[PDB]
There are 6 protein chains.
Amino acid sequence: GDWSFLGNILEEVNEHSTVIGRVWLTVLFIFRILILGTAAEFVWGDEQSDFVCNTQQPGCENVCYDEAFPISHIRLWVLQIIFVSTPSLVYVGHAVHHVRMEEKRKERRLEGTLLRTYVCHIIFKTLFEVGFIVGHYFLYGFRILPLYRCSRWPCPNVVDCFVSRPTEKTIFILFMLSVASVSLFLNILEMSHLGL
Amino acid sequence: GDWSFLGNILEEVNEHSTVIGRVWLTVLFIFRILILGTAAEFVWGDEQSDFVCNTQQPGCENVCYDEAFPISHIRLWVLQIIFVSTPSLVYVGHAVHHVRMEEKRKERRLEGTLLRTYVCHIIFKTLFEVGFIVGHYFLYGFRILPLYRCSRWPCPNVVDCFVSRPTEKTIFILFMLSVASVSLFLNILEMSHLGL
Amino acid sequence: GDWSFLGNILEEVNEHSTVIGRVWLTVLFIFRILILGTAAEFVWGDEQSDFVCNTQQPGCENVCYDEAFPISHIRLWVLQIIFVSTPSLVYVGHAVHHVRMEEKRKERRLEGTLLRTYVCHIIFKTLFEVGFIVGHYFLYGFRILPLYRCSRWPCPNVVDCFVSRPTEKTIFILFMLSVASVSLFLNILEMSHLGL
Amino acid sequence: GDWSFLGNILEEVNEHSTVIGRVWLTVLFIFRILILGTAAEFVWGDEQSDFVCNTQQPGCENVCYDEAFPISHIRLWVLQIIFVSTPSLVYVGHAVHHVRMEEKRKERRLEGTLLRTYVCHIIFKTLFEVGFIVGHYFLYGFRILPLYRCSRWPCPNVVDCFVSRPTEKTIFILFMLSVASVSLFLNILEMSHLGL
Amino acid sequence: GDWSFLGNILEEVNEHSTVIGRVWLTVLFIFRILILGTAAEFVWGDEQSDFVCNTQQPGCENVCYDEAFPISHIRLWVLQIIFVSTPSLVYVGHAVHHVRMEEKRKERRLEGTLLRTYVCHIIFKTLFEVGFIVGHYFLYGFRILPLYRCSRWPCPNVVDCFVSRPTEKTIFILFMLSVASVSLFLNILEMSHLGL
Amino acid sequence: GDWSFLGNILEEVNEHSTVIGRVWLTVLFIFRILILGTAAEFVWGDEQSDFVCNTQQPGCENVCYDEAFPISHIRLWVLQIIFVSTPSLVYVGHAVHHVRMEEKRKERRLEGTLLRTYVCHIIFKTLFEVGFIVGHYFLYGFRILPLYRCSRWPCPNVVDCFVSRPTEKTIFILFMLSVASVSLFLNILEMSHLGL
């Protein structure tokens with residue numbers, strides 16, 4: 001996973017953001033992207049290969065892994081990162097559009113419409129963070145148990161399947177939840193600081 | 001997969017495109033290339049290794065995977081990305097050719113023929129996006145089912161084969177479809193904005 | 001596969017080539033190198049590991065894969081890329097040699113001998129492209145069939161072996177053939193444009 | 001694992017730190033990050049794949065690996081690196097915030113509040129290092145024994161499981177402990193040097 | 001395999017070498033290093049994993065692979081590349097040492113001792129190339145046959161072992177031999193051009 | 001393994017070292033780091049996966065590999081590289097500290113204390129090189145034999161285990177020993193050149 005493109009564009013908008021937005025962005029780079037690439041990706045690497053079911057039924061392990069894990073937590077966190085970063089991109093686009101307009105108009109900072117855009121970007125970041133948190137909760141909760149019982153066809157009756165590294169995965173699930181909540185708190189502080 | 005070459009050339013044509021073309025390009029980099037490399041590629045990594053068929057027939061799994069998946073979705077999205085990016089390259093080539101001509105002629109922006117070229121590039125992008133969407137639909141639809149039934153020789157009669165990660169794959173199929181449709185809408189907005 | 005060295009040297013000779021040579025080079029970077037690294041390499045990744053033969057004979061699968069695939073298509077395309085790029089390197093070497101000579105002589109563009117060299121480079125590119133196309137045809141044709149029948153010792157009598165991903169491989173074989181033919185047409189256009 | 005982001009930001013704060021802080025940072029880069037990526041990661045690569053248990057019970061190896069290794073040492077060292085680096089980031093943020101304020105105020109080094117912040121950053125680094133050391137001790141100690149006995153369900157009675165590379169892992173555990181303790185000593189020297 | 005260090009230093013000595021030395025260096029980068037990383041390394045990737053012997057004897061395949069392939073061709077070509085590049089490094093060191101001396105002496109091109117050093121560097125390159133060619137011949141010849149017969153203990157009597165991809169390996173062996181011989185011819189031309 | 005950090009810092013101290021220290025550093029980059037990453041790492045890649053023992057005893061192969069190879073040669077060479085490079089870092093730190101002091105004092109080369117530091121750095125490099133050589137000898141000698149006999153529990157009685165690629169490993173062991181000894185000779189020459 002090469003995050004160079006997103007990185008370069010978000011460090012562009014480091015220069016154009018509040019101090020609390022610079023903290024938010026540093027958190028995104030260090031506690032989410034870096035963790036994902038240096039730790040979480042390896043934890044989930046053998047998610048299906050080490051998933052085992054007590055059965056001689058061909059196909060059962062496939063369908064039971066798929067039912068237990070409709071989308072891997074790591075893919076969900078990738079999507080979360082991209083969607084929470086998208087409003088920053090929108091804002092920096094608006095800002096650069098104004099810089100190029102000012103240059104052109106001459107040929108021919110957080111005030112006015114850039115403030116409304118910044119506040120909206122904060123709002124959307126907050127809502128997307130909340131949405132991904134809630135979705136994670138309803139999909140998986142915040143704990144992976146070792147045992148998963150499966151009755152999906154072709155599995156005969158109910159079969160016992162065993163998850164890879166449930167405890168390490170639980171630790172990283174809770175870590176990512178905490179990081180997301182810190183991000184939410186930072187966004188709240190941004191709104192308060194702007195208001196006051 | 002190293003997209004550095006294409007990246008550098010398309011960020012060259014960031015400078016020479018409309019604001020809506022800059023949004024289109026950002027979408028290409030973040031929601032297509034980045035997703036493909038940080039998420040989709042890993043989802044499809046074990047596509048054949050975890051594809052299983054209920055048979056003792058040598059060769060059957062090979063032919064049944066090949067019949068179910070004549071071309072992996074990820075390869076199809078790579079091709080789509082390159083073909084939808086090709087008209088941008090043509091346009092930037094025309095533009096740089098005019099810049100070098102102007103420099104030479106001196107030794108010796110979206111107006112005139114560059115406008116016709118830009119509009120044609122938008123048209124071709126739209127048509128290629130539509131073509132890849134339609135091709136995806138006819139080849140696979142927008143859902144991967146866990147079970148695939150196969151009667152290709154050497155398989156005896158009909159055999160039941162089971163796909164790897166059908167649900168996660170379905171999620172990413174729909175995600176990529178939505179991103180492609182957003183790109184189409186952006187191209188339509190480009191044509192409208194130019195007209196008006 | 002790291003193509004950085006070749007890339008840097010061929011983007012050096014972007015500056016010193018015709019507009020049609022810049023199109024040829026862009027095609028080389030995007031439709032050949034990029035495809036190879038982002039798509040084809042993964043398609044052929046399990047070429048021998050998923051090659052299966054219906055036999056209990058030790059050694060047979062090894063010799064039958066080797067007879068079916070004396071050289072993988074991807075290695076052949078790597079060689080093709082390097083050989084079709086070599087004349088460009090020769091030409092840019094001649095050109096830079098003249099630039100350094102002019103600088104020296106001062107201490108002490110496509111005209112003259114650089115034109116003869118450019119035309120010769122086009123000729124050699126054309127001949128190498130044709131040669132690799134013809135060699136591909138005679139070695140493999142343009143279709144990989146699922147079944148390969150093998151009688152190489154130690155295989156007893158004739159054994160049935162099954163190829164990995166024959167259809168996807170056929171798609172990429174035809175795609176690379178088309179890209180090579182486009183390159184040929186571009187070289188022809190270069191010669192015509194120079195003549196006229 | 002790509003540490004480029006963190007690296008660039010910590011080499012930013014090389015310029016703004018004491019000589020002993022530059023030694024601490026060099027130790028972080030060379031003896032922790034570099035060791036982790038060039039050595040430790042490969043030692044732990046086959047941690048679960050080569051973990052074996054003497055049993056015919058489906059699921060037992062999964063639960064026994066998970067009980068023996070709730071979190072891999074390498075993931076724990078990644079977290080440790082990030083948390084001990086976080087206060088440096090806070091300090092450099094404060095410092096750069098003051099530099100940008102001074103620039104602005106003009107439009108309109110370790111003294112004052114930057115000294116309090118630097119001392120606090122040292123304190124937090126020390127406490128986090130101590131906490132990770134203590135946590136490592138209580139979780140695993142400083143030795144990995146080859147044999148792990150496991151009675152977690154579904155394992156019948158007590159089963160004997162065998163760890164991959166216990167001795168090499170013990171060597172690297174002790175090496176990382178020593179490096180952490182050197183870092184602690186460096187922080188103590190920082191506080192003393194500032195006081196005197 | 002990261003050749004960045006060697007690359008940067010040899011492109012330093014591009015600037016300080018003859019035109020024929022620039023051709024030699026381009027050949028080294030494109031036809032040896034690039035081939036090795038984009039093609040040969042993958043051909044030899046499954047050298048031991050796909051090496052099979054017709055035996056039920058534990059250990060036999062290990063000892064028979066080791067006897068057949070005391071050193072993989074790819075490792076031998078890596079060593080060859082480094083040793084044939086070493087004299088270039090010596091020469092560029094001498095040249096830069098003279099440049100820094102001239103700068104110093106001021107504070108306080110291929111003529112004289114730099115010519116003797118250049119000629120010696122050519123001589124050593126030639127001798128090392130010849131030595132690696134001869135060593136390759138005596139160790140393996142220039143053909144890998146599919147069958148290798150092995151009588152090394154613990155193998156009982158003589159066992160038949162089968163090599164992975166003998167034909168593709170033979171093609172690349174001959175290709176690398178030809179590239180080495182081209183390098184030799186280039187060195188001879190260097191000596192002649194200097195003499196005349 | 002990413003050596004970029006160490007590389008950049010050691011090429012910083014290229015500028016501040018003797019000619020013999022520049023040779024030592026080039027040897028470190030080319031004959032140790034580059035060999036390790038382009039050759040040795042692949043030779044040792046299947047060290048445990050291809051290690052086989054003639055036994056039906058669960059756990060025996062694990063404990064016997066661990067007893068035969070308490071620390072892989074490649075990890076030992078990584079540690080050696082870092083420790084022999086550490087004194088260079090100390091010296092360059094002292095030198096840069098003096099450069100920044102001189103700049104400051106103005107606001108307000110190998111002579112004096114920098115000579116003592118340089119000599120001490122040479123001494124420590126020599127001692128660490130000798131120590132790693134001696135440790136290698138006592139741990140493994142300079143030859144890996146194919147057969148390793150093991151009586152570690154749970155292995156019943158004495159079992160015969162077979163090492164992966166003993167001959168290639170022996171070649172690289174001797175190569176690295178020779179490179180280390182060349183480094184020692186270079187350090188001796190440094191001391192002599194400084195004395196005379």
# chains A, B, ... in the order shown; residues from 1 in each chain; ligands from 1
>>> interface_residues(of="chain B", to="chain A", cutoff="8 Å", atoms="only C-alpha atoms", output="PDB file with C-alpha atoms, in the first residue's frame")
ATOM      1  CA  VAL B  19     -11.129  22.600 -11.618  1.00  0.00           C
ATOM      2  CA  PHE B  29      -5.478   8.847  -7.608  1.00  0.00           C
ATOM      3  CA  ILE B  30      -7.233   8.371  -4.276  1.00  0.00           C
ATOM      4  CA  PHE B  31     -10.376   6.325  -4.892  1.00  0.00           C
ATOM      5  CA  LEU B  34      -4.861   3.953  -3.914  1.00  0.00           C
ATOM      6  CA  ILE B  35      -7.804   1.637  -3.172  1.00  0.00           C
ATOM      7  CA  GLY B  37      -3.037  -0.952  -4.117  1.00  0.00           C
ATOM      8  CA  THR B  38      -3.953  -0.706  -0.436  1.00  0.00           C
ATOM      9  CA  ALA B  39      -7.095  -2.831  -0.412  1.00  0.00           C
ATOM     10  CA  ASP B  50      -8.434 -20.460  -1.999  1.00  0.00           C
ATOM     11  CA  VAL B  52     -11.912 -24.922  -4.076  1.00  0.00           C
ATOM     12  CA  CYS B  53     -13.987 -27.492  -5.958  1.00  0.00           C
ATOM     13  CA  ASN B  54     -15.641 -30.644  -4.622  1.00  0.00           C
ATOM     14  CA  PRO B 146     -20.040 -18.072  -3.209  1.00  0.00           C
ATOM     15  CA  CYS B 161     -16.774 -24.855  -6.680  1.00  0.00           C
ATOM     16  CA  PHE B 162     -16.456 -22.236  -3.959  1.00  0.00           C
ATOM     17  CA  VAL B 163     -15.111 -18.733  -4.434  1.00  0.00           C
ATOM     18  CA  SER B 164     -12.765 -16.908  -2.069  1.00  0.00           C
ATOM     19  CA  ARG B 165     -14.196 -13.930  -0.176  1.00  0.00           C
ATOM     20  CA  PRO B 166     -17.353 -13.393  -2.280  1.00  0.00           C
ATOM     21  CA  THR B 167     -18.822 -10.732   0.023  1.00  0.00           C
ATOM     22  CA  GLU B 168     -15.717  -8.567   0.376  1.00  0.00           C
ATOM     23  CA  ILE B 171     -18.323  -4.740  -1.646  1.00  0.00           C
TER      24      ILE B 171
END
>>> select_by_dssp(residues="range 50-109 of chain C", states="alpha helix (DSSP H)", output="MDAnalysis selection string")
chainID C and resid 60:68 73:107
>>> residues_around(residues="residue 99 in chain A", least_positions_apart="5", cutoff="12 Å", atoms="only C-alpha atoms", output="mmCIF file with N, CA and C atoms, in the first residue's frame")
data_model
loop_
_atom_site.group_PDB
_atom_site.id
_atom_site.type_symbol
_atom_site.label_atom_id
_atom_site.label_comp_id
_atom_site.auth_asym_id
_atom_site.auth_seq_id
_atom_site.Cartn_x
_atom_site.Cartn_y
_atom_site.Cartn_z
ATOM 1 N N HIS A 16 -2.119 24.963 5.410
ATOM 2 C CA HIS A 16 -3.317 25.790 5.360
ATOM 3 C C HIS A 16 -4.333 25.458 6.442
ATOM 4 N N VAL A 92 -8.636 22.013 0.729
ATOM 5 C CA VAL A 92 -7.395 22.481 0.124
ATOM 6 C C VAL A 92 -7.616 22.810 -1.342
ATOM 7 N N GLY A 93 -8.503 22.078 -2.014
ATOM 8 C CA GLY A 93 -8.842 22.427 -3.381
ATOM 9 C C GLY A 93 -9.461 23.804 -3.478
ATOM 10 N N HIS A 94 -10.419 24.092 -2.601
ATOM 11 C CA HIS A 94 -11.022 25.420 -2.567
ATOM 12 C C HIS A 94 -9.968 26.495 -2.314
ATOM 13 N N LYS A 104 -4.286 35.023 -10.922
ATOM 14 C CA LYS A 104 -4.849 35.408 -12.211
ATOM 15 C C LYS A 104 -5.369 36.841 -12.161
ATOM 16 N N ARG A 105 -6.271 37.117 -11.217
ATOM 17 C CA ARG A 105 -6.845 38.448 -11.066
ATOM 18 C C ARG A 105 -5.769 39.514 -10.938
ATOM 19 N N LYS A 106 -4.632 39.178 -10.325
ATOM 20 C CA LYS A 106 -3.526 40.126 -10.280
ATOM 21 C C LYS A 106 -2.959 40.337 -11.676
ATOM 22 N N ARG A 109 -5.990 33.945 6.638
ATOM 23 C CA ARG A 109 -6.453 33.449 5.348
ATOM 24 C C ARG A 109 -7.810 32.767 5.484
ATOM 25 N N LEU A 114 -13.847 30.566 2.801
ATOM 26 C CA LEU A 114 -12.926 29.523 3.220
ATOM 27 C C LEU A 114 -13.236 29.077 4.635
#
>>> atom_distance(atom1="CA of residue 158 in chain E", atom2="CA of residue 144 in chain E")
19.2 Å
>>> closest_residue(among="A:14, A:151, A:55, A:181", to="residue 91 in chain A", atoms="only C-alpha atoms")
A:14
>>> atom_distance(atom1="CA of residue 187 in chain A", atom2="CA of residue 111 in chain A")
18.6 Å
>>> residues_around(residues="residue 87 in chain E", least_positions_apart="4", cutoff="7 Å", atoms="only C-alpha atoms", output="list in words")
residues 91, 121, 124 and 125 of chain E
>>> write_last_selection(atoms="C-alpha atoms", output="compact mmCIF listing (two decimals), in the first residue's frame")
# COMPACT_ATOMS: atom_id res chain seq x y z
CA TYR E 91 39.30 4.86 -10.55
CA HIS E 121 40.94 -0.52 -14.08
CA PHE E 124 41.13 -5.70 -13.88
CA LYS E 125 37.61 -5.49 -15.29
>>> atom_distance(atom1="CA of residue 118 in chain E", atom2="CA of residue 176 in chain E")
25.2 Å
>>> residues_around(residues="residue 11 in chain E", least_positions_apart="6", cutoff="10 Å", atoms="only C-alpha atoms", output="PyMOL selection string")
chain E and resi 17+22+25-26+29
>>> write_last_selection(atoms="N, CA, C and O atoms", output="compact mmCIF listing (two decimals), in the first residue's frame")
# COMPACT_ATOMS: atom_id res chain seq x y z
N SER E 17 34.36 9.06 -17.57
CA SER E 17 34.83 7.94 -18.37
C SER E 17 34.72 8.24 -19.86
O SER E 17 34.02 9.17 -20.29
N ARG E 22 31.13 4.67 -21.06
CA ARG E 22 29.74 4.99 -20.84
C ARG E 22 28.85 3.92 -21.45
O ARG E 22 27.82 3.56 -20.88
N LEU E 25 28.98 0.97 -19.09
CA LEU E 25 28.20 1.18 -17.88
C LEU E 25 26.71 1.04 -18.17
O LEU E 25 25.96 0.47 -17.36
N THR E 26 26.25 1.60 -19.28
CA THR E 26 24.87 1.42 -19.69
C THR E 26 24.53 -0.05 -19.85
O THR E 26 23.45 -0.50 -19.46
N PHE E 29 24.03 -1.53 -16.43
CA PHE E 29 22.78 -1.17 -15.79
C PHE E 29 21.59 -1.87 -16.44
O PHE E 29 20.70 -2.37 -15.74
>>> residues_around(residues="residue 174 in chain C", least_positions_apart="4", cutoff="7 Å", atoms="only C-alpha atoms", output="VMD selection string")
chain C and resid 142 170 178
>>> select_by_dssp(residues="range 10-195 of chain E", states="strand (DSSP E or B)", output="PyMOL selection string")
chain E and resi 52-53+147-150+159-162
>>> write_last_selection(atoms="C-alpha atoms", output="PDB file, in the first residue's frame")
ATOM      1  CA  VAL E  52      12.135 -32.825  -6.894  1.00  0.00           C
ATOM      2  CA  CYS E  53      13.808 -36.204  -6.405  1.00  0.00           C
ATOM      3  CA  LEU E 147      17.769 -34.595 -14.991  1.00  0.00           C
ATOM      4  CA  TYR E 148      20.410 -34.636 -12.265  1.00  0.00           C
ATOM      5  CA  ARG E 149      21.562 -37.976 -10.883  1.00  0.00           C
ATOM      6  CA  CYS E 150      22.664 -37.927  -7.263  1.00  0.00           C
ATOM      7  CA  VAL E 159      18.481 -41.149  -7.299  1.00  0.00           C
ATOM      8  CA  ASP E 160      16.931 -39.189 -10.150  1.00  0.00           C
ATOM      9  CA  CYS E 161      16.250 -35.532  -9.376  1.00  0.00           C
ATOM     10  CA  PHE E 162      14.503 -33.017 -11.609  1.00  0.00           C
TER      11      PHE E 162
END
>>> decode(residues="range 67-78 of chain C", atoms="N, CA and C atoms", output="compact mmCIF listing (two decimals), in the first residue's frame")
# COMPACT_ATOMS: atom_id res chain seq x y z
N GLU C 67 8.59 -27.95 -21.03
CA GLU C 67 8.37 -28.14 -22.46
C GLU C 67 7.26 -27.23 -22.96
N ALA C 68 6.19 -27.08 -22.18
CA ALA C 68 5.11 -26.19 -22.55
C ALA C 68 5.56 -24.74 -22.56
N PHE C 69 6.36 -24.34 -21.58
CA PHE C 69 6.76 -22.95 -21.39
C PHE C 69 8.28 -22.85 -21.29
N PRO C 70 8.98 -22.96 -22.41
CA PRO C 70 10.44 -22.81 -22.39
C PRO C 70 10.89 -21.46 -21.87
N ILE C 71 10.14 -20.40 -22.13
CA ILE C 71 10.36 -19.09 -21.55
C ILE C 71 9.01 -18.42 -21.33
N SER C 72 8.76 -18.00 -20.09
CA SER C 72 7.51 -17.34 -19.76
C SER C 72 7.32 -16.10 -20.63
N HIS C 73 6.07 -15.88 -21.03
CA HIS C 73 5.72 -14.69 -21.78
C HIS C 73 6.20 -13.41 -21.11
N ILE C 74 6.14 -13.33 -19.79
CA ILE C 74 6.55 -12.10 -19.12
C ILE C 74 8.05 -11.85 -19.27
N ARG C 75 8.87 -12.90 -19.18
CA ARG C 75 10.30 -12.71 -19.42
C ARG C 75 10.57 -12.30 -20.86
N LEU C 76 9.80 -12.84 -21.79
CA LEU C 76 9.94 -12.50 -23.20
C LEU C 76 9.59 -11.04 -23.44
N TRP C 77 8.53 -10.55 -22.79
CA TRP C 77 8.16 -9.14 -22.91
C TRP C 77 9.17 -8.22 -22.24
N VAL C 78 9.81 -8.66 -21.15
CA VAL C 78 10.88 -7.87 -20.55
C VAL C 78 12.03 -7.70 -21.54
